[PDB]
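Chains as they are written, first to last, in PDB author numbering: chain F, 441 to 488; chain S, 148 to 196; chain P, 197 to 440; chain R, 245 to 293; chain E, 50 to 147. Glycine is no exception: its CB is placed at the ideal position from the N, C-alpha and C atoms. To keep things clear, I will list the structure first and then write my remarks on it.
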Amino acid sequence: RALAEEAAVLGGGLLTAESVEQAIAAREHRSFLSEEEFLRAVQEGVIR
Amino acid sequence: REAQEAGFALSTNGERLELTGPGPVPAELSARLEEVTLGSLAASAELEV
Amino acid sequence: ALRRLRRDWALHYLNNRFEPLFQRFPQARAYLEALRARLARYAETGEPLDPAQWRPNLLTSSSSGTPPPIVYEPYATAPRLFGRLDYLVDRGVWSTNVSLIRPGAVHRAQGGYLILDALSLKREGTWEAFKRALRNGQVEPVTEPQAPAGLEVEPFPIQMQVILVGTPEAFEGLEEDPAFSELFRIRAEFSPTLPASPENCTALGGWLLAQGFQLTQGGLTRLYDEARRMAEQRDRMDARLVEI
Amino acid sequence: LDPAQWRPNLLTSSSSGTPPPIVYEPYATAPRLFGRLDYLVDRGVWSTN
Amino acid sequence: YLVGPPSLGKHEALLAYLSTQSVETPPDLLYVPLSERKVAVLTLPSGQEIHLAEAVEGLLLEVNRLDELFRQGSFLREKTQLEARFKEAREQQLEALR
């Protein structure tokens, strides 16, 4: 239900496939800072 | 004016209003007396406000 | 029978008294009824009525909520969160009423945004009460232990968007509880670094100008390089604008 | 004889059927579960009834 | 809930962004005593607080108005009729005894 509410917010009032996929992607992206830092460090070569 | 028609008198016994008359008082007179009594109470409250 | 007749007279009288009030303020429908009932008792047993005991204790007032009430409470004591129940000391007798309840941050931020601090929230030990208030809706203003009897505040549906603020390690103490994840699901993780780029350099320059400083191009580049140094990364500037 | 000492304190005024009393108490504490005994403080004496 | 390293200005920027939002007329909050010990949280439209306070003050003053009502002619006649019925029953008992 919470994910559906997020999808409704991102899609206005309709839960289309694009809206739900965007909501899921945004949920994954919100907690992605640690993984973003890991990937950026790997690209930099700090963690090889 | 509309109570003296039957013969009953409107007495202002203190703050509250009563009707003086022999025997029972008519239902219309009682209803109007209660209406004007509530109106007086509300008017006093609104005067204080 | 005299008591019953007085009760019936009072009820019939108060029907007309409270009829316009119900239409004017239908949201207070129960309240007036209770007050009506109290006046009914005033008829039956002759008990007196204390005006200071039956009065609408106002707590907040917003013009149009633009901006909406943003009540920042960096503190997390129960008196700061749910308010406190002020009392009257009559020679050593504690006695409070509806009018002596102080509004709290929760009451101050209804319909708006409540901003707290997770570190303070866990350090003050009021996390459990805050969780109960957010989930159900019940709030308990602080009652003095010397009080003969406090006021039981009925639960009400909360309408504020609580936005906690804290360090990532501070929220660890709350993240263990699964109930924390149920109330809060939007984690706005702030990036400790920013991508060092000319666009971000210009953004930093504009931000510093908005701060009220006068800076040259060379000074701006020096600040940019120092910000990169504080992040100890060649491709990232330190996002901590306070240090800059 | 104290009238406040020998009066029946009403607890549940429910006089209807469906729905049956559904009391949800997420905060399970003894004052919340079993109720609390309000005290009357008279000249420093906690007298209850 | 916002997380980030300290000295990041999270509170300041968050407040600045929040102040730009708009919410339609947050209802005035108030306390209503449903009994001597029970307090209920109430929401009202903006500006209704003063009107309800005036109405409550009027109702509080209505105690004297109810006292005056208890001396109405209709109230007196009803009380006299009720006492007359009770006295008639008592007089029936006393007449039987006599």
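**Request:** Quick one: grab the DSSP three-state call for E:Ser68.
**Result:** Three-state DSSP puts E:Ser68 in a helix.
**Asked** Is the beta carbon of E:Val88 less than 8 Å from the beta carbon of P:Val267?
**Response** Not a contact, by the Cβ cut-off of 8 Å.
**Request:** Keeping to the same chain, check which residues put their C-beta closer than 7 Å to that of P:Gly369; ignore five residues upstream and five downstream.
**Result:** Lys318
**Message:** Does chain P have any CB closer than 8 Å to the CB of F:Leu473?
**Reply:** Closer than 8 Å: yes.
**Request:** Please decide whether S:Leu185 counts as near chain P, where near means a Cβ-Cβ distance under 8 Å.
**Result:** yes
**Asked** Do you know how far the Cα of S:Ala178 is from the Cα of E:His100?
**Response** 29 Å
**Prompt:** Hey, P:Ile311 and P:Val361: beta-carbon distance below 8 Å or not?
**Reply:** yes
**Asked** Just the Cα atoms here: how many angstroms apart are E:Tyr80 and P:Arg225?
**Response** As the crow flies, the alpha-carbon of E:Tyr80 is around 14 Å from that of P:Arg225.
**Request:** Starting from P:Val349, follow its DSSP beta bridges and name the residues at the other end.
**Result:** E:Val88
**Request:** Report the residues of the region 328 to 358 of chain P with a CB closer than 8 Å to any CB of chain R, ordered along the chain.
**Result:** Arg328, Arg331, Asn332, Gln334, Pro344 and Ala345
**Message:** Residues in the same chain with beta-carbon distance under 7 Å from P:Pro344, minus the five sequence neighbours each way, listed in chain order, please.
**Reply:** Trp290
**Opening and closing residue of the beta strand (DSSP E) in which E:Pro82 lies** = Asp77 to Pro82
**Prompt:** At least one CB of chain S closer than 8 Å to the CB of P:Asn212: is that the case?
**Reply:** yes
**Request:** Could you name the residues that DSSP lists as bridge partners for P:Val289?
**Result:** Paired residue(s): P:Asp286.
**Message:** Using 8 Å as the cut-off, can you tell me whether the region 162 to 173 of chain S makes contact with the region 250 to 267 of chain R, which would need three or more C-beta pairs spanning the two stretches below that distance?
**Reply:** No, the region 162 to 173 of chain S is not in contact with the region 250 to 267 of chain R.
**Asked** In chain order, what residues of the region 290 to 315 of chain P put their CB closer than 9 Å to some CB of chain R?
**Response** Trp290 and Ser291
**Item:** Neighbourhood of P:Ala427 by C-beta, 7 Å cutoff - its chain only, sequence neighbours within 5 removed
**Value:** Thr389, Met433 and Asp434
**Within chain R, the residues that P:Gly288 reaches when beta carbons sit closer than 7 Å** = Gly288
**Interface flag, P:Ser393 vs chain F, CB-CB below 8 Å** = no
**Prompt:** What distance in whole Å lies between the Cβ atoms of P:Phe218 and P:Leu228, which are believed to be in contact at a cut-off of 8 Å?
**Reply:** About 7 Å separates the two Cβ atoms, so the contact holds.
**Message:** Just verifying my parser: in three-state terms, what is the DSSP assignment at S:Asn160?
**Reply:** coil
**Asked** Three or more beta-carbon pairs under 8 Å between the region 278 to 290 of chain P and the region 246 to 253 of chain P, yes or no?
**Response** Output reads no: the region 246 to 253 of chain P does not touch the region 278 to 290 of chain P.
**Request:** Classify P:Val338 as helix, strand or coil using the three-state DSSP reduction.
**Result:** strand
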